[PDB]
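Worksheet for the structure shown next.
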Amino acid sequence: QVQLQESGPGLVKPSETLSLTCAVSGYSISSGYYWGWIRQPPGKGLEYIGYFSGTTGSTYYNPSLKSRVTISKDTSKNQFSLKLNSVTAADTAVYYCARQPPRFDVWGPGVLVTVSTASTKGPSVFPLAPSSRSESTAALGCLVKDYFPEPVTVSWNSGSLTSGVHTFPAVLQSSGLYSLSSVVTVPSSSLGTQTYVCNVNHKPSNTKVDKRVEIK
Amino acid sequence: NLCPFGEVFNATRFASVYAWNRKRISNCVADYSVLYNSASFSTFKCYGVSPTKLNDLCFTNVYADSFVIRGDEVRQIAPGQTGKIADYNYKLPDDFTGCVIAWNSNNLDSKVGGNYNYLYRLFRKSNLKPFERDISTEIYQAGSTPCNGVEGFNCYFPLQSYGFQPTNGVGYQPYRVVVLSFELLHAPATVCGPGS
Amino acid sequence: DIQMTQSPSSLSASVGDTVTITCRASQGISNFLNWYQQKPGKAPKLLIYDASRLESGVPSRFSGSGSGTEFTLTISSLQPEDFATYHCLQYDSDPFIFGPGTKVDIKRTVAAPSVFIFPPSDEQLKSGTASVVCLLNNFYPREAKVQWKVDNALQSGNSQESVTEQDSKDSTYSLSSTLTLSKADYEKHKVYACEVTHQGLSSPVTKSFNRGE
Ligand SMILES: *[C@@H]1O[C@H](CO)[C@@H](O)[C@H](O)[C@H]1NC(C)=O
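Listed in order, the protein sequences are those of chains H, I and L. According to the deposited numbering, the first sequence holds residues 1 to 35, 35A, 36 to 52, 52A, 53 to 82, 82A to 82C, 83 to 128, 131 to 213 in order. According to the deposited numbering, the second sequence holds residues 334 to 529 in order. According to the deposited numbering, the third sequence holds residues 1 to 213 in order.
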């Protein structure tokens, strides 16, 4: 009945200070237990950052991260924070807040924080047209490019088309913007008769794009 | 001449599981009718003994252990169980002869904003022996680095409190537990049921 | 810093199998070892602490053993829900250290990918950049190699690829690779090809197109 919720931007520039907040519901931090932070770079292992005692405030940090990290419990709000100075590309990771350091039993869902020089930017959606009538079932999709804040949602035909869909994980380009593709496998026969629209929503900006993908 | 079962079940105050109370009962007739006539018990499990034999048999001494745990921990008050409560707070023997009774006490043991009076032992070097009561509050050394009686690295206070809120889920709500143990030593037996 | 390593680091198994995952420490850590299960898009869940103590609410088919510098995790009668990534953690010294993680995926008959190549859209070209996308669809063995060829020159350094998680229905993987240039650089070369190597193919399969055709 204790829940952890990370909060904070996924938008931090190199050499700046990353700031995250963990909201605790169902238990008062100062009453007991110990609380800390864990991070995981995309596609890599987990790393321990630090933890503190709710009752006493006794705080410990990873020696490799000391002089950069600070964890403190806010007063009269039942949450604790994480501050990481002078971040670099090595600090891009999914950050978790967790309870009971020695045996991390309760976790927050985690928030992805990407370190990059880019600001919030909506994507450009370019079609990936089919060219077959190649395989018994053709492949088509959408290219979602140049959006920095990672959260992006892709659906097909306003959620009607789900079978055969493959929305790929985004990749961080050298420019500091993300880019992904969403593809769907459809029968060769439906090409030019069945309308295929990919619905892309980028909530961090106010971007809503619907792109009609057609044969070229 | 009746056994003081009401003093245990209807007690206003209940102990924390790590410091569980034990009431020794002797020199009385034991009215178990009041117990299973009720419909307020979510758990009533009897091992090696039955209410019929409870009605007729006599025992040298019977013990009534009482404590508070959360909802989904009641399964741990049983022979051959593992977990934080069974291993570190209250262990029953594999040959346990007695009955386990538990009921939801969300109305009593939960407070708006959370009731933190009830504690449990989260860390211990070894498992509790059957019917062992460990009330130690020494700092727990989780790793190799030593704790000098202080909250050093990887060192934690062994006792942690339940955050009993009224709106908690059922498995996390407070449950009052009473465990009856019946022992028959080779001595005259002073605890007898009505059917004797 | 005590360095933790996991030997398998990847393996495949079928439902009802028994598997063993090995995690080692760079020095003695007694039994200060934790085992965690992490599924994609989710936080890890604690499975075993003190190297043998199974957490409450975890099925008994999970079991841990070991001491000193070597530990093992064993799963019996493998169930569909048991397929995830598993991590180990040591809490012996000041930096808590995790292992790299070991990924277990469902064993399945070998399936070759169906390869598709997509030339840049005219709208993107009008925007000054050109992206060439190669798609690999429904290949069971996750490991595959994609080689971009431009005018028969092996192109490395200007492509990025991404792989979906194992499909819950067909138990296959899908890969997407993107080769990005400027419009001017795109117009410098005529032939764009995507060469795919995979266990399901006896010889590499190449999908190509000629710019402007
Ligand atoms: C004492 O406990 C018995 C057993 O359920 C119950 O019948 C009785 O009403 C209780 N009395 C009080 C005052 O709580």
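For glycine and all other residues, C-beta sits at the position ideal for the given N, C-alpha and C.
These are the residues, in chain order, with a beta carbon less than 7 Å from any non-hydrogen atom of ligand 1: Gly339/I, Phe342/I, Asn343/I, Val367/I, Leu368/I, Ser371/I, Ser373/I. The region 39-46 of chain L and the region 85-104 of chain H touch, with three or more beta-carbon pairs separated by less than 8 Å. Boundaries around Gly339/I are those of the alpha helix (DSSP H), 338-342, since no beta strand (DSSP E) includes it. With contacts defined by Cβ atoms closer than 8 Å, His87/L and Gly35A/H do not form a contacting pair. At a beta-carbon threshold of 8 Å, the residues of chain H lying near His87/L are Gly44, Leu45, ordered along the chain.
If you check the CB distance, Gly49/H and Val24/H do not come in under 8 Å. Not a single CB atom of chain H sits nearer than 8 Å to the CB of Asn439/I. If you keep only unbroken beta strand (DSSP E) runs of at least 3 residues inside the region 179-211 of chain H, you get 193-199, 204-210. Under DSSP, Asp105/L shares a beta bridge with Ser12/L. Collapsing the DSSP output to three states places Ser152/H in a strand.
Taking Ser114/L as reference, the option from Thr204/H, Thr182/H, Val2/H with the minimal CA-CA separation is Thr182/H. Neighbours of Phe32/L in chain I, taken as residues at a C-beta separation under 9 Å, are given in chain order as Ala475, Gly476, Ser477, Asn487. Between the alpha carbons of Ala520/I and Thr430/I lies a distance of about 18 Å. With contacts defined as CB atoms closer than 8 Å, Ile410/I and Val382/I fail to qualify as a contacting pair. By the beta-carbon neighbour count (other beta carbons within 10 angstroms, threshold 16), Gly64/L is buried. For chain I, none of the residues of the region 188-210 of chain H brings a beta carbon within less than 7 Å of one of its beta carbons. In this structure the region 343-352 of chain I touches the region 451-463 of chain I; the number of beta carbon pairs closer than 8 Å is three or more. Against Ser494/I, the close residues of chain H are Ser31, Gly32, in the order they occur along the chain (beta-carbon pairs closer than 8 Å). Following the DSSP letters along the chain, one finds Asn210/L inside the beta strand (DSSP E) bounded by residues 205-210.
Three or more beta-carbon pairs drawn from the region 386-399 of chain I and the region 354-361 of chain I are found closer than 8 Å, and the two stretches are therefore classed as touching. For the region 136-149 of chain H, the beta-carbon criterion of a distance under 8 Å to any beta-carbon of chain L is satisfied by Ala136, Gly138, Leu140, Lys142. Cβ atoms of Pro95/L and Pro40/H stay farther apart than 8 Å, at about 16 Å.
Taking a C-beta distance under 8 Å as the contact criterion, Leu174/H and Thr164/H do not qualify as a contact pair. Here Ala23/H is bridged, per DSSP, to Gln5/H, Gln77/H.
In the DSSP secondary-structure assignment, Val483/I is not bridged to any residue. Counting along the chain, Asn394/I sits inside no alpha helix (DSSP H); it lies in the beta strand (DSSP E) bounded by residues 394-403. Residues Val141, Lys142, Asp143, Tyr144, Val149, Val197, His199, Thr204 of the same chain have their beta carbon placed closer than 7 Å to that of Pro118/H, with the five preceding and five following residues left out of the count. Membership of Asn439/I in the alpha helix (DSSP H) is indicated by the continuous run 439-442. At least one CB atom of chain H sits nearer than 8 Å to the CB of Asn501/I.
For a Cβ distance threshold of 7 Å, residue set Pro97 of chain H lies close to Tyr91/L, ordered along the chain. Taking CB atoms only, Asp1/L has no neighbour in chain I less than 8 Å away.
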